[PDB]
file query05.csv (CSV, N, CA and C atoms)
chain,number,residue,atom,x,y,z
A,1027,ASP,N,114.4,97.1,82.7
A,1027,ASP,CA,113.0,97.0,82.4
A,1027,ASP,C,112.1,96.9,83.7
A,1028,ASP,N,112.7,96.8,84.8
A,1028,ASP,CA,112.0,96.7,86.1
A,1028,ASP,C,111.2,95.4,86.2
A,1029,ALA,N,112.0,94.3,86.0
A,1029,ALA,CA,111.4,92.9,86.1
A,1029,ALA,C,111.0,92.7,87.5
A,1030,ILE,N,111.7,93.2,88.5
A,1030,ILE,CA,111.4,93.0,89.9
A,1030,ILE,C,111.3,91.5,90.3
A,1031,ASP,N,112.4,90.8,90.2
A,1031,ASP,CA,112.4,89.4,90.5
A,1031,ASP,C,113.1,89.2,91.9
A,1032,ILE,N,112.4,88.4,92.7
A,1032,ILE,CA,112.9,88.1,94.1
A,1032,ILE,C,113.8,86.8,93.9
A,1033,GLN,N,115.1,87.0,93.9
A,1033,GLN,CA,116.0,85.9,93.8
A,1033,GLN,C,116.6,85.6,95.1
A,1034,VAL,N,116.4,84.4,95.6
A,1034,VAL,CA,116.9,84.0,96.9
A,1034,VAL,C,118.0,82.9,96.8
A,1035,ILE,N,119.0,83.0,97.6
A,1035,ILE,CA,120.1,82.1,97.5
A,1035,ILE,C,120.0,81.1,98.6
A,1036,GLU,N,120.0,79.8,98.2
A,1036,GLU,CA,119.7,78.7,99.1
A,1036,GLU,C,120.9,78.5,100.1
A,1037,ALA,N,120.8,77.5,100.9
A,1037,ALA,CA,121.9,77.1,101.8
A,1037,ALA,C,123.1,76.7,101.0
A,1038,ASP,N,122.9,76.2,99.8
A,1038,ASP,CA,124.0,75.8,98.9
A,1038,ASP,C,124.3,76.9,97.9
A,1039,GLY,N,123.4,77.8,97.6
A,1039,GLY,CA,123.6,78.8,96.6
A,1039,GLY,C,122.7,78.6,95.3
A,1040,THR,N,121.5,78.1,95.5
A,1040,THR,CA,120.6,77.9,94.4
A,1040,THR,C,119.6,79.1,94.4
A,1041,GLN,N,119.4,79.7,93.2
A,1041,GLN,CA,118.5,80.8,93.0
A,1041,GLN,C,117.0,80.2,92.8
A,1042,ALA,N,116.1,81.1,93.0
A,1042,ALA,CA,114.7,80.8,92.9
A,1042,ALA,C,114.0,81.6,91.8
A,1043,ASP,N,114.3,82.8,91.6
A,1043,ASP,CA,113.7,83.7,90.5
A,1043,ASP,C,112.2,83.8,90.7
A,1044,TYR,N,111.8,84.4,91.8
A,1044,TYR,CA,110.4,84.7,92.0
A,1044,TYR,C,110.0,86.0,91.3
A,1045,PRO,N,109.2,86.0,90.3
A,1045,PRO,CA,108.8,87.3,89.6
A,1045,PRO,C,107.7,88.0,90.4
A,1046,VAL,N,107.9,89.2,90.7
A,1046,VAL,CA,106.8,90.0,91.4
A,1046,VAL,C,105.7,90.2,90.4
A,1047,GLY,N,106.0,90.7,89.1
A,1047,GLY,CA,105.0,90.8,88.1
A,1047,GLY,C,104.4,92.2,88.0
A,1048,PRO,N,103.1,92.3,88.0
A,1048,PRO,CA,102.4,93.6,87.8
A,1048,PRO,C,102.7,94.5,89.0
A,1049,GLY,N,102.0,95.7,89.0
A,1049,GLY,CA,102.2,96.7,90.0
A,1049,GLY,C,101.3,96.5,91.2
A,1050,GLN,N,100.2,95.8,91.1
A,1050,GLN,CA,99.3,95.5,92.2
A,1050,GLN,C,99.9,94.7,93.3
A,1051,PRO,N,100.7,93.7,93.0
A,1051,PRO,CA,101.4,93.0,94.1
A,1051,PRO,C,102.5,93.8,94.7
A,1052,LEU,N,102.2,94.8,95.6
A,1052,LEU,CA,103.2,95.6,96.2
A,1052,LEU,C,104.2,94.8,97.1
A,1053,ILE,N,105.4,95.2,97.0
A,1053,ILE,CA,106.5,94.5,97.7
A,1053,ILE,C,106.6,95.0,99.2
A,1054,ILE,N,106.7,94.0,100.1
A,1054,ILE,CA,106.9,94.4,101.5
A,1054,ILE,C,108.1,93.6,102.1
A,1055,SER,N,108.8,92.9,101.2
A,1055,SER,CA,109.8,91.9,101.7
A,1055,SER,C,111.2,92.4,101.6
A,1056,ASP,N,111.8,92.7,102.7
A,1056,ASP,CA,113.3,92.9,102.8
A,1056,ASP,C,113.9,92.3,104.0
A,1057,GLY,N,113.2,91.3,104.5
A,1057,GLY,CA,113.7,90.7,105.8
A,1057,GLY,C,115.0,90.1,105.8
A,1058,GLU,N,115.4,89.5,104.7
A,1058,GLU,CA,116.7,88.7,104.6
A,1058,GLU,C,116.8,87.6,105.6
A,1059,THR,N,115.6,87.1,106.1
A,1059,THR,CA,115.5,86.0,107.0
A,1059,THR,C,114.3,85.1,106.6
A,1060,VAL,N,114.0,85.0,105.3
A,1060,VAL,CA,112.8,84.4,104.9
A,1060,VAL,C,112.8,82.9,105.2
A,1061,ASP,N,111.6,82.3,105.4
A,1061,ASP,CA,111.5,80.9,105.6
A,1061,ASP,C,110.3,80.4,104.8
A,1062,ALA,N,110.2,79.1,104.6
A,1062,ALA,CA,109.2,78.5,103.7
A,1062,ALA,C,107.8,79.0,104.1
A,1063,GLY,N,107.0,79.4,103.2
A,1063,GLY,CA,105.6,79.8,103.4
A,1063,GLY,C,105.5,81.3,103.6
A,1064,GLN,N,106.6,82.0,103.9
A,1064,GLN,CA,106.5,83.5,104.1
A,1064,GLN,C,106.1,84.2,102.8
A,1065,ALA,N,105.1,85.1,103.0
A,1065,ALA,CA,104.6,85.9,101.9
A,1065,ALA,C,105.7,87.0,101.6
A,1066,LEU,N,105.6,87.6,100.4
A,1066,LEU,CA,106.5,88.6,99.9
A,1066,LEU,C,105.8,89.8,99.4
A,1067,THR,N,104.7,89.6,98.6
A,1067,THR,CA,104.1,90.7,97.9
A,1067,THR,C,102.7,91.0,98.3
A,1068,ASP,N,102.4,90.8,99.6
A,1068,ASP,CA,101.1,91.3,100.2
A,1068,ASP,C,99.9,90.7,99.6
A,1069,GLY,N,98.8,90.6,100.5
A,1069,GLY,CA,97.6,90.0,100.1
A,1069,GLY,C,97.2,88.7,100.8
A,1070,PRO,N,96.0,88.2,100.5
A,1070,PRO,CA,95.6,87.0,101.1
A,1070,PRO,C,96.2,85.8,100.5
A,1071,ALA,N,96.8,84.9,101.3
A,1071,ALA,CA,97.5,83.7,100.8
A,1071,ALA,C,96.6,82.7,100.3
A,1072,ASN,N,97.0,81.9,99.3
A,1072,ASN,CA,96.3,80.7,98.9
A,1072,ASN,C,96.5,79.5,99.7
A,1073,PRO,N,95.5,79.0,100.4
A,1073,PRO,CA,95.8,77.9,101.4
A,1073,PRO,C,96.0,76.5,100.7
A,1074,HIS,N,95.7,76.4,99.5
A,1074,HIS,CA,95.8,75.1,98.8
A,1074,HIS,C,97.3,74.8,98.4

call {"tool": "encode", "arguments": {"input": "query05.csv", "output": "structure tokens"}}
result
Amino acid sequence: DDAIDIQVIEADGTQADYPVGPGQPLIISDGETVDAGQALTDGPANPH
């Protein structure tokens, strides 16, 4: 069904299940070196 979920495996093996959602949030993330705060689906970040 093209859920397009970004599942990340922690240092222990814990998933996150980030849903991309609609088509407007275009994906740009294939780094495989992500760190906290890194954006995945393009656009202006929410600072709060």

call {"tool": "residues_around", "arguments": {"input": "query05.csv", "residues": "residue 1054 in chain A", "least_positions_apart": "3", "cutoff": "10 Å", "atoms": "only C-alpha atoms", "output": "PDB file with N, CA and C atoms, in the frame of the given file"}}
result
ATOM      1  N   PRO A1051     100.700  93.700  93.000  1.00  0.00           N
ATOM      2  CA  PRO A1051     101.400  93.000  94.100  1.00  0.00           C
ATOM      3  C   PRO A1051     102.500  93.800  94.700  1.00  0.00           C
ATOM      4  N   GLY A1057     113.200  91.300 104.500  1.00  0.00           N
ATOM      5  CA  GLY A1057     113.700  90.700 105.800  1.00  0.00           C
ATOM      6  C   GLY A1057     115.000  90.100 105.800  1.00  0.00           C
ATOM      7  N   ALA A1065     105.100  85.100 103.000  1.00  0.00           N
ATOM      8  CA  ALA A1065     104.600  85.900 101.900  1.00  0.00           C
ATOM      9  C   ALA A1065     105.700  87.000 101.600  1.00  0.00           C
ATOM     10  N   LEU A1066     105.600  87.600 100.400  1.00  0.00           N
ATOM     11  CA  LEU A1066     106.500  88.600  99.900  1.00  0.00           C
ATOM     12  C   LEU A1066     105.800  89.800  99.400  1.00  0.00           C
ATOM     13  N   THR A1067     104.700  89.600  98.600  1.00  0.00           N
ATOM     14  CA  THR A1067     104.100  90.700  97.900  1.00  0.00           C
ATOM     15  C   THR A1067     102.700  91.000  98.300  1.00  0.00           C
ATOM     16  N   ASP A1068     102.400  90.800  99.600  1.00  0.00           N
ATOM     17  CA  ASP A1068     101.100  91.300 100.200  1.00  0.00           C
ATOM     18  C   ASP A1068      99.900  90.700  99.600  1.00  0.00           C
TER      19      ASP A1068
END

call {"tool": "residues_around", "arguments": {"input": "query05.csv", "residues": "residue 1031 in chain A", "least_positions_apart": "5", "cutoff": "8 Å", "atoms": "all atoms listed in the file", "output": "MDAnalysis selection string"}}
result
chainID A and resid 1042:1047

call {"tool": "atom_distance", "arguments": {"input": "query05.csv", "atom1": "CA of residue 1053 in chain A", "atom2": "CA of residue 1032 in chain A"}}
result
9.7 Å

call {"tool": "atom_distance", "arguments": {"input": "query05.csv", "atom1": "CA of residue 1069 in chain A", "atom2": "CA of residue 1050 in chain A"}}
result
9.8 Å

call {"tool": "atom_distance", "arguments": {"input": "query05.csv", "atom1": "atom N of residue 1055 in chain A", "atom2": "atom C of residue 1035 in chain A"}}
result
16.5 Å

call {"tool": "decode", "arguments": {"input": "query05.csv", "residues": "chain A", "atoms": "C-alpha atoms", "output": "mmCIF file, in the first residue's frame"}}
result
data_model
loop_
_atom_site.group_PDB
_atom_site.id
_atom_site.type_symbol
_atom_site.label_atom_id
_atom_site.label_comp_id
_atom_site.auth_asym_id
_atom_site.auth_seq_id
_atom_site.Cartn_x
_atom_site.Cartn_y
_atom_site.Cartn_z
ATOM 1 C CA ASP A 1027 0.000 0.000 0.000
ATOM 2 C CA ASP A 1028 3.107 2.252 -0.007
ATOM 3 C CA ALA A 1029 3.037 3.227 3.654
ATOM 4 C CA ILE A 1030 6.619 4.534 3.270
ATOM 5 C CA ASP A 1031 7.663 4.215 6.915
ATOM 6 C CA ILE A 1032 11.216 5.090 7.965
ATOM 7 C CA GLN A 1033 12.125 2.374 10.469
ATOM 8 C CA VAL A 1034 15.478 2.896 12.200
ATOM 9 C CA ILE A 1035 17.293 0.249 14.241
ATOM 10 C CA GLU A 1036 18.749 1.580 17.487
ATOM 11 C CA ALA A 1037 22.098 0.681 19.029
ATOM 12 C CA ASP A 1038 20.248 -2.196 20.724
ATOM 13 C CA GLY A 1039 17.773 -2.964 17.937
ATOM 14 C CA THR A 1040 14.744 -0.793 18.697
ATOM 15 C CA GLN A 1041 12.550 0.358 15.814
ATOM 16 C CA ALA A 1042 11.032 3.830 15.479
ATOM 17 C CA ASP A 1043 8.366 3.595 12.729
ATOM 18 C CA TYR A 1044 8.498 7.101 11.281
ATOM 19 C CA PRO A 1045 5.617 7.464 8.776
ATOM 20 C CA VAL A 1046 6.400 9.648 5.772
ATOM 21 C CA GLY A 1047 2.692 10.094 5.105
ATOM 22 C CA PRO A 1048 1.398 12.073 2.132
ATOM 23 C CA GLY A 1049 3.240 12.734 -1.107
ATOM 24 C CA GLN A 1050 4.220 16.349 -0.376
ATOM 25 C CA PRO A 1051 6.923 15.345 2.169
ATOM 26 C CA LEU A 1052 9.379 14.127 -0.466
ATOM 27 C CA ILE A 1053 12.037 11.752 0.836
ATOM 28 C CA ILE A 1054 15.727 12.668 0.664
ATOM 29 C CA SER A 1055 17.019 10.342 3.388
ATOM 30 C CA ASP A 1056 19.228 7.370 2.527
ATOM 31 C CA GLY A 1057 22.317 8.315 4.531
ATOM 32 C CA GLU A 1058 22.337 5.294 6.876
ATOM 33 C CA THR A 1059 24.294 7.496 9.323
ATOM 34 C CA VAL A 1060 21.430 9.482 10.840
ATOM 35 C CA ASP A 1061 21.770 11.315 14.153
ATOM 36 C CA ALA A 1062 19.270 13.020 16.442
ATOM 37 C CA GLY A 1063 17.610 16.041 14.860
ATOM 38 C CA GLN A 1064 18.453 15.106 11.267
ATOM 39 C CA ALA A 1065 15.622 15.800 8.844
ATOM 40 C CA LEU A 1066 14.367 13.102 6.497
ATOM 41 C CA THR A 1067 11.467 14.375 4.382
ATOM 42 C CA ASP A 1068 12.553 17.897 3.356
ATOM 43 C CA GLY A 1069 11.216 21.318 4.341
ATOM 44 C CA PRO A 1070 11.618 23.874 7.127
ATOM 45 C CA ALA A 1071 12.143 22.263 10.522
ATOM 46 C CA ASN A 1072 9.995 23.050 13.544
ATOM 47 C CA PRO A 1073 12.297 24.684 16.137
ATOM 48 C CA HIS A 1074 10.041 24.046 19.152
#
